[PDB]
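With ideal geometry, Cβ positions are generated from the backbone for all residues, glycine too; neighbour counts draw on all protein chains shown. The values are calculated or read from the model by the stated rules, or taken from the named source; nothing here is a laboratory result.
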Ligand SMILES: Cc1cc2nc3c(=O)[nH]c(=O)nc-3n(C[C@H](O)[C@H](O)[C@H](O)CO)c2cc1C
Ligand SMILES: Cc1cc2nc3c(=O)[nH]c(=O)nc-3n(C[C@H](O)[C@H](O)[C@H](O)CO)c2cc1C
Ligand SMILES: Cc1cc2nc3c(=O)[nH]c(=O)nc-3n(C[C@H](O)[C@H](O)[C@H](O)CO)c2cc1C
């Protein structure tokens, strides 16, 4: 970790620990994609491309020696910067419990949006295809609370006709869930009725999408490949403040498209 | 504990024990604030002030030597007195099971109101700010039983956007709770429906406030600092009665304002 | 001592030692107050206030619960800065014995005046009262060498009438002492004659005051309270020079006013 020049910054260990503890808390709750996909362990700060497993033929027809080239996926690297104030940071040694750290939090939120955008909608220049692009896995639904229960029962049959098993999960918007909750009138609780038709599943509410989808959790269908995880480092100094940055390197892919169903309201 | 001149009073050990056992029972139920805040252990009868961690600059612009003063919070001390009757107290040795002790109980109640007043509404002359003064954490609500369930679901999203976690608690008035209970008609029980949306929380009913609020219980956001806990002592004697008093020393503060939400009906 | 960022400055250990050795010498001779008062050991960089031991009552007359606030003294913190030159400092490694360090010495003198000012004349905004403010302990004197000897004998009787004992000390100006020395003509030496009437005492000559005073040295009447002692640290760098500072935190008080007498010429 020597490429992050952390020992040339005028701070103490307590101040570094205070800065490190606050970002982990927000990253733990605002990264929504990492709750139902797989992660492949880090490879290092020198990894560059990931193989696909094919050949493209570039020679002509009547030649004696024939040749081609192999194919892969490139990785993405990012960086974002911010500033902090030294006299304000210096009261932690006199014994203040609460210190102002708002710019750090704002930058963390804007970084956390960037990865979910790629996981859900893909990147054109890199050659990545997202979860909402497979438009041969669609099912119509309605707005009454019983249409949802009918649609879940219909979807499990399509899952079983292909040989797919395992625990199942539902991912849905938030305003639609609130409307469903308000529609019912003092009946049996709706969350238990929903979890009975998934044979003991879960529910996840998010602001990233606009409709609902259903997935299976046996393992090995969506992969996120990491080279280096999220890290903080030091840049320079300007007369009363310091400048720091955040960085990461990754890519993503989908293997079996048969473990996914989309609902259209 | 020698500053309470308890060995110069004309009483026996049984009589002291009878007096001590009755006040603990009422203090255990009538102190409502101590159910969801933290307590920092006692420091002694000589503690005077608590540091804040800043400096205020009082010198001029072009001087060579510059100076200022440090800042802190002072503690509060209280005292309250009452009288008791000797011939009536003397039947405990002949073997009476029930003795009249009404003035003690009345004084205990009036002392217990005083601390909750400060915790919920602050003290101007000492420099304390209470829980109901942070008016940038407000949410509108309604009067039907489903508006409450909608508002809880809305509040948990605001909690998650800041990185705050942990078990959650609801604090509400008593007449409003009774009205909510009477509105429903033989449906599924309402207490279980409420505790399902808090993901397994609790409910606290009190007469000290007028509306509702929601808090988180991970630990370390509201602090009560004690020098000496509640104690009883002896003053003098007037020809058929004795005079006694109750005393304490404390202060209070709020650290993280992001773990609190107020509801407006 | 990590709050003084001393390991981020471009200097070597020999240069730090040369800088540290020169300030101690001047502080040892120019701090006049520390020769006859007591010192209470350091408490740390987080100490903020010192207790007095009283209560101020703020409630009304007919209330049932009465209350007040405790009282203390705040501490004073100071800081002063200066600059030094790198090429000039670099000849110490080639082997030069004498290096130019004049600004350091000038700043040290101006800092040393500041504390004696407070010890002898007090600070209004902080609530400190100095040694020259107790104007009920006065005695008239004259200008001949025998008036001084009469006044000392008169003062020891006032000391004995109150029960005060111990070795005694005289603190006097410098021009007046020179005039007294010039007045006499070849008699027995004057210093021995003065030290015989103090029963074996001492004499201290200073430029801080304008007349004389007499004190007793048994112990425990004037106190100087320290949080952090005098220290040197590093700030920044500007293209051929470096910037450093000096800091301290303290307060002062007088306990027994009966061990002090002032002489008026
Ligand atoms: C009493 C006092 C304390 C100060 N403490 C700090 C400090 O802890 N950290 C800081 O960066 N600046 C501090 N400063 C400001 C700093 O001294 C100033 O910006 C530069 O030294 C100006 O050359 C302080 C200033 C004063 C007057
Ligand atoms: C039979 C009798 C028993 C008494 N017992 C008590 C007693 O136990 N405690 C008490 O304070 N006064 C008691 N008194 C009242 C007490 O004697 C009276 O107030 C004073 O002694 C009058 O000088 C008693 C009086 C009588 C007549
Ligand atoms: C022969 C020579 C020796 C020097 N030695 C030093 C030195 O020991 N320390 C220093 O700060 N500058 C020194 N300087 C000046 C320094 O080289 C110059 O200010 C910067 O390098 C200009 O870019 C020296 C310059 C010369 C010509």
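Quick one: residue A:110 ticks every box in (1) more than 24 Å from residue A:78 (Cα to Cα); (2) within 14 Å of another protein chain (Cβ to nearest Cβ); (3) assigned to a helix (DSSP H, G or I) except a single one, so which number is it?
For residue A:110, the failing item is (1).
Output the residues belonging to region A:77-100 that are touching a residue at least 40 places away in the same chain (Cβ under 8 Å), closer than 23 Å to residue B:163 by Cα and within 12 Å of chain B (Cβ to nearest Cβ).
Scanning region A:77-100 gives A:92, A:99.
Limited to region C:1-21, what total is found for residues that are within 14 Å of chain A (Cβ to nearest Cβ) and in contact (Cβ under 8 Å) with a residue 40 or more places away in the chain?
Selection size over region C:1-21: 8.
Within region B:47-68, track down each residue that is more than 13 Å from chain A (Cβ to nearest Cβ), closer than 28 Å to residue C:107 by Cβ and in contact with a strand residue (DSSP E or B) (Cβ under 7 Å, 6 or more places away or on another chain).
B:58, B:59, B:64, B:65, B:66, B:67
Among the residues of region A:172-219, which ones are on the phi > 0 side of the Ramachandran plot and at the interface with chain B (Cβ under 10 Å from one of its Cβ atoms)?
Passing the criteria: only A:186.
Given the criteria within 14 Å of chain A (Cβ to nearest Cβ) and surrounded by fewer than 13 Cβ atoms within 10 Å (Cβ to Cβ), does residue B:156 qualify?
no
Inside region A:141-168, can you point out the residues that are within 14 Å of residue A:264 (Cα to Cα) and not in a helix (DSSP H, G or I)?
Selection gives A:141, A:142, A:143, A:144.
Can you tell me which of (1) farther than 17 Å from residue C:54 by Cα; (2) surrounded by 14 or more Cβ atoms within 10 Å (Cβ to Cβ); (3) under 26 Å from the mean Cα position of the chain (by Cα) is the one residue B:47 doesn't meet?
(1)
More than 16 Å from ligand 3 (Cβ to nearest atom), within 14 Å of chain B (Cβ to nearest Cβ) and touching a strand residue (DSSP E or B) at 6+ places or on another chain (Cβ under 6 Å): does that describe residue C:103? First the steps, then the outcome.
Details: more than 16 Å from ligand 3 (Cβ to nearest atom): yes; within 14 Å of chain B (Cβ to nearest Cβ): yes; touching a strand residue (DSSP E or B) at 6+ places or on another chain (Cβ under 6 Å): yes.
It is true that residue C:103 is more than 16 Å from ligand 3 (Cβ to nearest atom), within 14 Å of chain B (Cβ to nearest Cβ) and touching a strand residue (DSSP E or B) at 6+ places or on another chain (Cβ under 6 Å).
Given the structure, is residue A:257 without any contact (Cβ under 8 Å) to a residue 60 or more places away in the chain and closer than 19 Å to residue A:130 by Cα?
So residue A:257 does not fit the description; no.
Residues that are under 30 Å from residue A:207 (Cβ atoms): which strands (runs of 3 or more DSSP E) entirely in region A:22-75 hold 1 or more of them?
A:38-40, A:68-74
Yes or no: residue C:44 under 18 Å from residue C:246 (Cα atoms) and within 14 Å of chain B (Cβ to nearest Cβ)? Please lay out each step first, then the result.
Details: under 18 Å from residue C:246 (Cα atoms): yes; within 14 Å of chain B (Cβ to nearest Cβ): yes.
Considered against the rule, which asks whether it is under 18 Å from residue C:246 (Cα atoms) and within 14 Å of chain B (Cβ to nearest Cβ), residue C:44 comes out as yes.
Given the conditions (1) in contact with a helix residue (DSSP H, G or I) (Cβ under 9 Å, 6 or more places away or on another chain); (2) in a loop (DSSP other than H, G, I, E, B); (3) not assigned by CATH to the domain that holds residue A:207, report the number of the one that residue A:125 does not fulfil.
The number of the failed condition is (1).
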